[PDB]
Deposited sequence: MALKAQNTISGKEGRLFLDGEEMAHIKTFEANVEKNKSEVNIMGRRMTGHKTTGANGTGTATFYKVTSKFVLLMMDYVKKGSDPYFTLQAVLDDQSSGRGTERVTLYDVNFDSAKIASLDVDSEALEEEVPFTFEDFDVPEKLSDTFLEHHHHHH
């Protein structure tokens, strides 16, 4: 419901290579079973490496390279783990503006090769808000 999380303009890196300037994206930390407030205490706190969840996001541009890359992946019939590192867009501004990373976000290869709708599903295995941003500006 409101246990959501989203951020403006971001980039996802496959083991180091930037591979898509992904725009608006919005995830959802899953609130499952015995765990009071998973999200609350991850943005601000030490907790289980949980923060696993589902989500959706739309890409801005698509590099041929990337597509072809993804193809070689779906060929081997596997889905890779990219790391999506964007800019948080919480308007509440409980603080200011920090970077959000989504460890192990993961889409269906094919679904990506098909990029050339735009809202693609994906499932990160952990989320994070490590640093603030453009200090003093």
Can you give me the gaps, meaning deposited-sequence stretches with no C-alpha coordinates, in sequence order?
-> 1-4, 121-126, 148-155
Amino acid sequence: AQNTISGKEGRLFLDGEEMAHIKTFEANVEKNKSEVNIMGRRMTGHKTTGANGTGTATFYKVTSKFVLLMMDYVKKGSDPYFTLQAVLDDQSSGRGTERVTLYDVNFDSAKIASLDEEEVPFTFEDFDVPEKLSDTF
From here on, numbers count along this sequence of modelled residues.
Would 68-76 or 54-62 have the larger average of its C-alpha temperature factors, as given in the entry?
-> 68-76
Output the stretch having the higher mean C-alpha B factor in the entry; the candidates are 104-112 and 90-98.
-> 90-98
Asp128 - Cα temperature factor, lowest/middle/highest third of chain = middle
Mind checking which third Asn28 falls in for C-alpha B-factor across the chain?
-> middle
Thinking about Cα B factors across the chain, which third does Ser6 belong to?
-> lowest
Of the three thirds of its chain by CA temperature factor, lowest, middle or highest, which one includes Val120?
-> lowest
Please place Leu14 in the lowest, middle or highest third of its chain by C-alpha B factor as given in the entry.
-> lowest
